[PDB]
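>>> got the complex split up, this is the first portion:
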Amino acid sequence: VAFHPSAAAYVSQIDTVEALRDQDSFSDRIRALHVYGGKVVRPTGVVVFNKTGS
């Protein structure tokens, strides 16, 4: 992909990690949440070679 940095945007809104005890066993539980979003705000500012590549 060829682009200018201004053509696409990203937001990290939440990023947290948490420690608990398991209810069903003698275990620690570690869990983490990430909430984010992003958009190509200017589509002509991004050029893609092999776009169907999977």
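Received the coordinates, thanks. Numbering: from 1, shown residues only, chains lettered A, B, ... in the order given.
>>> Do you have the strands of chain A handy? List them.
Counting by DSSP state E, one finds strands in chain A at the ranges A:2-3, A:9-21, A:28-39, A:46-47.
>>> which other residues reach the first one?
In this structure, residues lying in contact with strand A:2-3 by Cβ atoms under 8 Å, 6 or more residues apart in numbering are A:45-47, A:49. Where you see a C-beta, it was placed from the backbone N, CA and C, and this is true even at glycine.
>>> Provide the strand pairings for that strand, with the direction of each partner.
Using DSSP bridges, strand A:2-3 pairs in its sheet with strand A:46-47 (antiparallel).
>>> to the structure above, add chain B:
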Amino acid sequence: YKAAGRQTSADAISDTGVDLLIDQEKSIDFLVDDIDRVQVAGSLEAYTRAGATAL
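Placed with the earlier chains, chain B looks like this:
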């Protein structure tokens, strides 16, 4: 006493009773989502005050 000749005898005494049952068990239980607590326009403390007001 005068109509009973002049006779008397002891009656047994007795009680009446009522039971105060401590039998009402009421609860409030709710989630404040960590994402919603970030994404809403202001405080969510009002749901704790509303829960206390409901009880």
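>>> Give the burial count for residue B:27, as a bare number.
6 (other Cβ atoms under 10 Å in any protein chain shown).
>>> ok, stretch A:18-29 near chain B or not?
No - Stretch A:18-29 lies out of reach of chain B by Cβ under 8 Å from any Cβ of the partner chain, never closer than 9.1 Å.
>>> Any buried residues in that stretch, and which?
Buried residues in stretch A:18-29, counting neighbours by 16 or more other Cβ atoms under 10 Å in any protein chain shown, are absent.
>>> Span of that stretch from start to end?
Counting by Cα to Cα, to the nearest Å, you get 8 Å between the two ends of stretch A:18-29.
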